[PDB]
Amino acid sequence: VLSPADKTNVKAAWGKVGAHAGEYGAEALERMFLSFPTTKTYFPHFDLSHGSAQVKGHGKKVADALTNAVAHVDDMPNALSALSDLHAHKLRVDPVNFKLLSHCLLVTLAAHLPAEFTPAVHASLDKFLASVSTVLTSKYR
């Protein structure tokens, strides 16, 4: 459950990503695949080599979905309904993998946006990614 300060912090830190959505998402995915190799099992059909156009294209989609989540932060079960159908009903992703990708997203933000990554903002982003993860891993439709 996000506080009003959390939503303010998330809108501010996420908005700073801007035109670099693809770069951040793709690096978070690369960090996840290298750090937690079992996560590769969900992407047998991807070219996972470094700098793969497929991972870049997917990173942009992941980042754009989080931007959509921020734009509808109080209505995520409706805004993300198609993503929940995909991750919960079709792919059946184990929720541990969402903790892994969320951690890799925080690591990417810490590395590339140091001034924005304050302890309060880190806390708010972690809560936001946990809320998004609950929506994407729950079958509510």
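Each form is matched to the other, and the largest set of C-alpha atoms that superpose within 1.5 Å is called the rigid core. The first residue of the sequence shown is number 1, and the count goes up from there.
- Superposing the other copies on the rigid core and comparing 61 to 69 to 84 to 92, farther C-alpha placement in 6 other deposited structures of this protein marks 84 to 92.
- Per-stretch RMS Cα distance to the displayed form in 6 other deposited structures of this protein, following rigid core alignment, is highest for 14 to 22 when 14 to 22 and 116 to 124 are compared.
- The question of which stretch, 95 to 103 or 72 to 80, has the higher mean Cα B factor is settled in favour of 72 to 80.
- Mean C-alpha B-factor is higher over 18 to 26 than over the other stretch, the pair under comparison being 18 to 26 and 126 to 134.
- Ranked by C-alpha B-factor against the other modelled residues of its chain, residue 12 falls in the middle third.
- Split the chain's modelled residues into thirds by C-alpha temperature factor. Residue 50 is in the highest one.
- Residue 58: CA B factor in the middle third of modelled residues in this chain (values from the PDB entry).
- Residue 113 sits in the highest third of its chain by CA B factor, as recorded in the PDB entry.
- Residue-level temperature factors show residue 32 in the lowest third of its chain, judged at the C-alpha atom.
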